[PDB]
Each structure stands twice: as structure tokens, then as C-alpha cells.
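Only one chain is given next, in C-alpha cells, and it is the form deposited in one PDB entry.
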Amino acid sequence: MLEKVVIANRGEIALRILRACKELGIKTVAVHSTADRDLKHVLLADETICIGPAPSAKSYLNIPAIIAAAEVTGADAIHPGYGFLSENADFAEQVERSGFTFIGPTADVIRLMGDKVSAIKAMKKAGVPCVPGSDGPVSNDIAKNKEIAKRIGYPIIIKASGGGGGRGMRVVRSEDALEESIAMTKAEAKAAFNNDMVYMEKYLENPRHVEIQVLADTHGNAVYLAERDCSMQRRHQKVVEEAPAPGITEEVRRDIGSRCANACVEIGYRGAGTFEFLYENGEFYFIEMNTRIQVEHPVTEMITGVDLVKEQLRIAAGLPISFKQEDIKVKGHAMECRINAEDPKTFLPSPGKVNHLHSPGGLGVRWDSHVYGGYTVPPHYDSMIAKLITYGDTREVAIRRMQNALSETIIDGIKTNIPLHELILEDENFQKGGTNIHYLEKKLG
């Protein structure tokens, strides 16, 4: 019920956002780099504005150019997608100050959940279980620090509050090492983020990565939409996601989900979001929140019947969420494979012309991709070219349908990670379910 939306993103998620806009009769403005003129969503959009040359810093991260796009088109709202400016509170602030709706939370709440210490504080206050830790930043008084570490038990992990993606993290296995690890992490944190704030958690040695999807609206409603297991990853890059998380009962989901929904109301959350947990020894530990739509949102859609991007658009127009918690039932199982233009062993990007695309289909097969026969994958951005999503009444059907869909898929003229997906899907530990976050790297070693 917004009239015109600026799609402040590219590739598959820009197409996903365009499809939601068109279904709702919302006009589309595609802002694009010089290199993305032939993107599928650009070709489909009602209006197009070039916002700069190919490099990200000059185009998709260009805050003045994106806001000027909304200004000259008379747009009502900006959808930032994921990556780029989606979790930039300064961008969100400039968008609302400039008279447009940011499709996401308020700038205040992005900054609060963006800072890991303040995020944990707020979840703890809401009764969301957190990793045992310093519960606040650590001192330089090493005597205090060693007692904290002793209470928690080694190994512990020192984290930058302004950290992320594995940069500002140090595992500590014994006390004789604690002192310099805090001081070093503190120094690299101030050097990198201009933010020397660090905290300690217990280091969980073999967790699963389980994340809970929420929506919260401007009507005081908040819902949980089960969870995703994103454990199948390599050096901080997710490869395969699934929903629901194997081993999670409806009883456990309702408990942890309701605490998440409750925390949304407490913090005045607005839009789609994700509570990231580490899951180990049948217990949940909050680590951080994503204040954006995520890559792997389709697996949640396939097991709940919810259109997450459409709910984003409704919530931004000031409408309530289109359903209630009791209306949500988990049905069956969904798998997603991130198909990347990369070497399947070296993970070196594989840019170039797709000479032939053959996308799979049939019952329970979903294909989310901007890629087409004769499209050139550019060097300037990430390597993701498609998300192949399968549904089944059971986990086993979902896996077998993914195997059959991958065997039908042809991407000619570039390397992809399809051979890696095929290795993962036929792995006996993966077929059993519940492998931890380190499993793929061990398997590859």
C-alpha cells in the first residue's frame, strides 16, 4: 500500500523484491551500477536510474545517489535487501530524515542490535538465553578478567562489540594467555572499527547455527516462523540451509520462538528479522541479530506458507502482519543450495558469459535467480548466481528432490559449486542430520 519502491540492491534479491512489488501493484525503481544494466530486475522495473560506476563503494554504497533516486522518482520507500546498506543505521537515518520509509527497523534499533554488547544486554533483559559471558564489556584489570573466565570455564572467546564475520574474535584456551588476548583484540578492534569495546563468551566447541525468523508490525504484533539450520558452511560462507532444524520439537520451538517475539515488542522492533543462536547440548544461546531479510528466507517460506518480502512491504506501509501465531503450522521440510559462479574446490570467483542455462523444475522445486542464457556474471560483486530451493513432506524427500534438481541443472561457460552441493547431499552424516558448523571444513580437509 506504498505507491513506489526503490530497490536499493542487485542480483537475485532485487528480482525477489521486484516480484513482491509487482504482485502488490507497487511501482518499481531499479537503481543500478553501469555494470548491472542487463540485470533481469532492471529490464523488468517500471523505472531505472544509474547510481554510479561498477565498484560497490561508488554505486550500491552511494547514500546520496540512492536518496536522490527516491527524490527524483517521487518514491515512497526504499528496500535495501541484504548486504550493502541493509544494516547501515546512518543510511536508515538519512532515508527517514529525507521523508521516505526505510523497509526495515528504525535507525535507533538497527544501531542497538548492530552493537553486539547492547544487543546481548537487550536479549538478556527480554529473557532470551545468551552464551554465559562477561555480561557487558571486560576491564583491563586482568584479575577481574581471569575470575570471569574461571566462572565461565575455558575455552572462552573474546569478541569485538563492533565486530563480525570472524574479524574480531580470539579463542583463549588457558588463563596464562588471557591478558594479551584481551589487550590485542581491544587494539585490533579500535584500529579496525574505531571501537575498542570487547566482551567474553564461553567458546562453544561443536554448536549448530540455528536462527529464528520473526516479523513485528506497527500494531504491536510480533510472530516467530520456526527456525533454520545454517550449520553447513565454510569460513563464514553459508553453503546449504534447511528448515525446520532437525531435532527441534514443537514444544522447544514455541518456548524459544515466543521469547524472540516477546523481545521484538520490548525493543520496539519493526519488520523482518533473524535471531541467530548457537545450539549445543540441546540448549539455545543467542549470539546476534540480523535486522534485514536474509538470503535463506525461502526455506522458511516453503515450510510456513508465509511470503516474507510481502510482509516486509505490508509492515512498511503501516499494515498489520497478514496472519496470527496460531495460524502458523510447520509443514514438511525445505532445503536451499546457494549456487555460486566459483571453482568448486578453490572457491576462486568464476566470472564470464553463461552460454547456456538450464534451470530445473517440477513439483517441490523453486528457482530464485537473476541468471539467464547469455547473461555475463560480472567480477565486481559476490559470486551467488541462483538459489535452488526444494520442499518435501520429509527431510529425506527434500534432499532427494535437491539431488535430482541439481542433476538437471546446466550452467555452461563458467564453473559453479554444483559439484560441492552434490558431495554434501550424498554425505551420510548430512543425510542423518545435525552436523555442526565445522563439519564441511573437516570433510573438505
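Residue positions are given as counts along the sequence shown, with the first one as 1. Basically, rigid core = biggest C-alpha set you can superpose within 1.5 Å across the two forms.
For the cut-off of one third of the other compared entries, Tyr203 stays well clear, since all of them model it along with its flanks. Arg167 is a gap in at least a third of the other entries compared, counting only those with both neighbours built. The PDB entry reports B-factors from which the mean C-alpha value can be compared for 96-104 and 132-140; the larger average falls on 132-140.
Averaged over CA atoms, B-factors in the entry run higher in 42-50 than in the other of 42-50 and 398-406. Sorting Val330, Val365, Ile315, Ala122 by the CA temperature factor given in the entry leaves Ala122 at the top. In this structure the maximum Cα B-factor among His358, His297, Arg111, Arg338 is found at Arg111. Among the modelled residues of the chain, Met1 sits in the highest third by CA temperature factor in this PDB entry.
Ranked by Cα temperature factor within the chain, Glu426 sits in the middle third according to the deposited record. Split the chain's modelled residues into thirds by C-alpha temperature factor. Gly168 is in the highest one. Sorting the modelled residues of the chain by their CA temperature factor places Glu288 in the middle third. Annotation for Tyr82: C-alpha temperature factor in the lowest third relative to the rest of the modelled chain, per the entry.
There is another form of this protein, the form deposited in another entry, and it is not shown here; the text below is about that form.
Taking the core as reference between this form and the one not shown, the lone member of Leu178, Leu112, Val306, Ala226 whose Cα moves by 2 Å or more is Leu178.
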